[PDB]
Structures are given as C-alpha cells and as structure tokens.
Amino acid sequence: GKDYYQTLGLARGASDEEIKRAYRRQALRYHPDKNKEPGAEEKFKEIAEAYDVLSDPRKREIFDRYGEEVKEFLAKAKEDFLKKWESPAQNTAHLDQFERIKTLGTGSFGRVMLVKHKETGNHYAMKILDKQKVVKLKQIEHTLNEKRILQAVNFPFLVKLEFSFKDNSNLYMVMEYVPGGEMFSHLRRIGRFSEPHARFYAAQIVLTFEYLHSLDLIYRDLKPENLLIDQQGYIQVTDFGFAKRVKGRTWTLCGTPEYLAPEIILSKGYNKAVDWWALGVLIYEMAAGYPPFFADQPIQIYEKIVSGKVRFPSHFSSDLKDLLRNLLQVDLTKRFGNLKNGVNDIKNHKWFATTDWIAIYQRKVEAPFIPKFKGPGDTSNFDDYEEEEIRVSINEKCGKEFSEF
C-alpha cells in the first residue's frame, strides 16, 4: 500500500501538468537545502517516488488500476458484510446432528468441543455457552455481537461460522475446525518466536485489522489464546466475543489486561486505534515470549500500561523497537494505524519491507511453521481437558435476552 496522489496533494485524475506542479511545490517544501526537520528527508524521497510513478504514463496506469480494484474489493466486502449483517443466520442446526468428541478448550463463556456431524461426516469445532453464566455478566451484548459479526464476515484469516443454534440451556456456534492448535501453546512451548516467524503472523493481523476496520468493526481482544494455526501454517482468528461495530467512540471496559490500550483504562472513549495498540503488544509477546506489561494482578498491569515506559530485550532488531515504539504509543496522534496514512505506515515500515502483502493474503508464502497433521480429527495440538457433559434443562432459560440468535 502506497498513496501517491496524497503525497503530492492532488486528487486522482488530476492533470499531468498539475502532477508536475504539485511535485515542484512539495519538492520545495521538503528540500534538504531548505527544510531540515528530521522527517522532511523521507517525505522528500516519498515525493520523488510519487512523481516517478505518476508522470510515467504506464506506471500511473498500473497504479490507477490497482486502486479501482481495491475500491471494488472494499465495496464488495462492505456489500457482503451489510447484507448478512441485517439478514443474519439463525437455527441452522441442532445439537442432535453433531457427535461430541473432545473438549478443545474451556473458557469463562463455555466450552469449545471437537464434533463430527454424523450425516456429512465432517469434523467441526463447537463453542457451547451457558446462558446462565452469561445473563449474569450482563454481557448478553458482547455475545450477541459475536454471533451477528462472525456470521457476516469473510476473510482468509477469520474462522468461518458454519452453524449456529440455541436450546433451553445453551447457545451454540459451530465453526471450521482449525487443527494446528492455538498460537498460545506453540509460543509458550518454544518460549519465543523468531523475528521472521513473528512477522509472518503479524502481517495477517494487519490485513485482518484492515479488513475489519474497513467494516467499522473493532476486534478488541487480540491475544495468542485467540489465534489458531491452520494446516497451511496460517492464522485463523477464532474469538469475536468482544468485537463491536462502532462509529465514533465506544466505552465498554473489556478485553484482556495485558493487551488493553491506555485509553480504555482511562474513562476516555476509544475507537479502532486500540487494535493497533494490541498489535504492538502481540508483536512484542511473540518476539520476546512475554508481553511488555505484566504484574501479579490487573490493576498493576493497567498502571504499567498508562505509564508508556517499555523495555525491549537484548535481541530485538532496531526496526522492531522502532515499530513497537510507534504502535505502543499513548499519543493517539502519533500511533501507526491512526495517522493520515493509516495502515500504510504499518505496511510500509522497515520491519515489514521483506513481506509481500498480497502474497500473504493469497496465502502463497511458505509458513515458518507447519503443525504436524496427524489425520482428520486429531486433537493432540490441543491440551486435554476434563469433560463435562451437556445438560439441557426442562425449561428454557433466558429466552428473552437471547431472542436474537
């Protein structure tokens, strides 16, 4: 991603002689013999870069083409999201159809289980949530948003919600079964991800956050627990419990302490910028093997976060420290992803210049680590859990606060 017309300060489809006029203007603004502020020298090369393209008519051709294609991909993506947004899927299955096997993980919401549908013969992963542990949280809202959003979104790195249904005791969400395990387990076991290893994962998140933000969605809970590794070694984001559609600022305090951006901790409001903060924490924890901000208890994590004092390990390249320093920015007018150039500041950073953005999206890059596939329906990249049977009571609980499901 590069935005040549904005560098020169011109509308698309401006006249080549206004492209020349724009260049000679901006070129005078950041000329080394005239301006010496440290950022000017790189905006100078970026103004020269924009002119070398926009004046060569065949290179302005490739660039103007790749742009309408982006415009259509964003407009078709947004189209797909809103139709399924307002026409969501409900009661697309029933628990009798699925044979339960192993608990893949257990969370405050409920269980996630490996299931085989008996007719189709396919394996899936079912998230069971108990309406009685969730109507108490008063975060019926956060679990309603998770259904509406997960159905209705499409991206190579979001997990796909095949079926959803409800009964008297629980809500159910059946999803594509990612078998490589959680990134959490791999990272803890190794202790650390190598810098190229982390960059691969990081890139798919920048692409997912670009997608999700383009749809006015904040994801709000990035952590290794929530990132699963498919068989091609790529990333499936799998937990949307905190994702909300937001215009302006939102205020719920939620997500995971280590990953909470400062502005959430303060009563101040917040927006999609918090996901860019989280990415910095995610990159940090992957490269170091620990997050930049821990303590015995959340309140002291919140304190370390708002201070904006970060320490980096001895390993950690200089470009890594420069990138995190920009992501982990308490100043909302200085944090990459929030500036005028948006995701490009992240896509075009020196820590990423070795990453073919489009090849990531089309999953054509070799993955630094492929899990050992042991045959369909193996659960050995997942920890083993104590199995609690599903009980459905004679009476339907919370039938109202979950009318929409």
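Numbers for residues come from their place in the sequence shown, where the first is 1. C-alpha atoms forming the largest set that superposes within 1.5 Å between two forms make up the rigid core.
Once the rigid core is used to overlay the structures in 9 other deposited structures of this protein, the stretch among 272 to 280 and 87 to 95 whose CA atoms lie farther from this form is 87 to 95. In 9 other deposited structures of this protein, superposed on the rigid core, the segment with the larger root-mean-square CA displacement between 243 to 251 and 167 to 175 is 167 to 175. Taking the PDB entry as given, 88 to 96 carries the higher mean Cα B factor of the two stretches 320 to 328 and 88 to 96. The mean Cα B-factor in the deposited entry runs higher for 190 to 198 than for the other of 190 to 198 and 251 to 259. Taking the PDB entry at face value, the top CA B factor among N226, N122, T208, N154 belongs to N122.
Among all modelled residues in this chain, the alpha-carbon of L82 has a temperature factor (C-alpha) in the middle third. In the deposited entry, the Cα temperature factor of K334 places it in the middle third of its chain's modelled residues.
In the deposited entry, the Cα temperature factor of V112 sits in the middle third of values across the chain's modelled residues. Ranked by Cα temperature factor within the chain, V135 sits in the highest third according to the deposited record. Per the PDB record, residue ranking by Cα B-factor puts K272 in the lowest third of the chain.
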